[PDB]
Each structure stands twice: as C-alpha cells, then as structure tokens.
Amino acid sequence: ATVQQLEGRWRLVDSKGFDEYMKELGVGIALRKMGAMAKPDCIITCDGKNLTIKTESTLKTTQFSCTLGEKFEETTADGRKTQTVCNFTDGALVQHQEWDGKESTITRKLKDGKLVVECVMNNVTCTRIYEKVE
C-alpha cells in the first residue's frame, strides 16, 4: 500500500463515535451540533512527501498542507493549534496531534476501496467511512 492510493475526493457514508470524540476533546455543544449534521467531503492529495487534506461542506471547510515526517502547526476545526506530524506507515496515513500536553491520533487507510478514518483521543474513538467521488 502507498500514500498515493488515498488520493482523491471522498464522501462521508458512515460515522460512529463523532460526538463522543468531540466530547473527549471538550468541544462545545454548538460545534458538536454542527458536526452531527455536516457530512464533509475529504480531499486528499500527495506530491511525493507533500500532503494536503481539505474538508468541504456547507458547515465546515478546512485545509492543511504538510511535509510527511515534519512537525507543523495545524489549526483544527475546533480551533486548537496543534503540533502535528503526518507519516505514511504500515499502509496507513497517521496524523499525530499534540497540544497542551494532550494528544490525539487520526489514522486514514483504505479498506475494500473505502477510506476508513479513525480518530482517537484517550481511547475515545470516532470511525468514519468514505466512498470515492469519481
């Protein structure tokens, strides 16, 4: 498996655990309502070691770019400024976020043609499944 195989526009088809993940982060109720009904597309592009991940919906539109392996400042949707690192390892894109002594990991992998995105903080997990928009 490779990082290039994650490229494309992806539509959200299933979500489990989103609200609980947001509660673990301590995100406030307005932003958790907004997440309970937004179904953002994810657009992943990678040019060698350059990665970009964009989220698009009417409620939520965000993007970040990085170099694989290099720490960078990510501003998250909820407004954290994290030190983030993305790496492609063991067939998955792994995005590690650290802020204020806290940590969360977001993993993105292909399973049977679908993009499976797992976010975890302190054992609290959100699993999101996407299908390719083509």
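One-based numbering along the sequence shown. C-alpha atoms forming the largest set that superposes within 1.5 Å between two forms make up the rigid core.
- Between 40-48 and 56-64, the larger root mean square Cα shift in 6 other deposited structures of this protein, once each structure is superposed on the rigid core, falls on 56-64.
- Rigid core superposition in 6 other deposited structures of this protein puts the Cα atoms of one stretch, out of 28-36 and 101-109, farther from the shown form on average, and that stretch is 28-36.
- The mean C-alpha temperature factor is higher for 32-40 when 51-59 and 32-40 are set side by side.
- The deposited model assigns a higher average Cα B-factor to 83-91 than to the other stretch when 83-91 and 101-109 are compared.
- Among the modelled residues of its chain, residue 46 has a C-alpha B-factor that falls in the highest third according to the deposited record.
- Sort the modelled residues of the chain by CA B factor and residue 19 lands in the middle third.
- Residue 9 sits in the lowest third of its chain by CA B factor, as recorded in the PDB entry.
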